[PDB]
Amino acid sequence: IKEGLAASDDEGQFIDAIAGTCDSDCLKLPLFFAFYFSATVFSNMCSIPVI
Amino acid sequence: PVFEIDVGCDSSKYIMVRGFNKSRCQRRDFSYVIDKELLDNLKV
């Protein structure tokens, strides 16, 4: 790893890198999910009049 | 009796803040960035 190790957090030891992808700005996800809700609603709205 | 009096500091007396020790607490190397709150971008 690089020099790194800015703040971190541990109790019984130290120099511990957390697993998984870290995020600082992933907060557009609720907007994307609401717009996908609307898109799914209006996509399901089309099939019934066709049949 | 011959004796000697010296006036000055012994360089062995200091002040220490209660509840604090030098190497009682074990840790590792730290790094950080601080900006916009000094009197432009500091890395210490």
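Here are some notes:
- Over the protein assembly as shown, the Kirkwood radius and the radius of gyration, each from Cα atoms, give a ratio Rg/Rh of 1.41.
- One equal scatterer on each Cα of chain B, no solvent, Debye formula: the resulting log10 I(q)/I(0) at q = 0.22, 0.23, 0.27, 0.35 Å⁻¹ is -0.92, -0.93, -1.00, -1.23.
- Residues A:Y36, B:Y14 in ascending order of nearby Cβ atoms (within 10 Å, fewest first): B:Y14, A:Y36.
- Cα-based reach from B:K13 at 20 Å (exclusive), listing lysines while leaving out same-chain residues under 8 positions away: B:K22
- For the Cα trace of chain A, dividing Rg by the Kirkwood Rh returns an Rg/Rh value of 1.40.
- Projecting the Cα atoms of A:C26, A:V41, B:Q26 onto the charge dipole of the protein assembly as shown, computed from C-beta unit charges around the Cα centre, puts A:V41 farthest toward the positive end.
- Protection-proxy order for peptides A:15-24, B:27-36, each taking the mean of Cβ atoms within 10 Å per residue, highest first: B:27-36, A:15-24
- With Cα atoms defining each centre, chain A and region B:1-30 are spaced 53 Å apart in the structure.
- Dipole magnitude for chain B: about 440 debye, using +1 per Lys or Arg Cβ and -1 per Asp or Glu Cβ, origin at the Cα centre.
- Estimated dipole of the protein assembly as shown in Debye, rounded to 20 [Cβ of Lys and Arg +1, of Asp and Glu -1, Cα centre]: 240
Every residue, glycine among them, receives a Cβ derived from its backbone with ideal geometry; neighbour counts consider all protein chains shown. Values quoted throughout were computed directly from the atomic coordinates according to the rules given, and no laboratory measurement underlies them.
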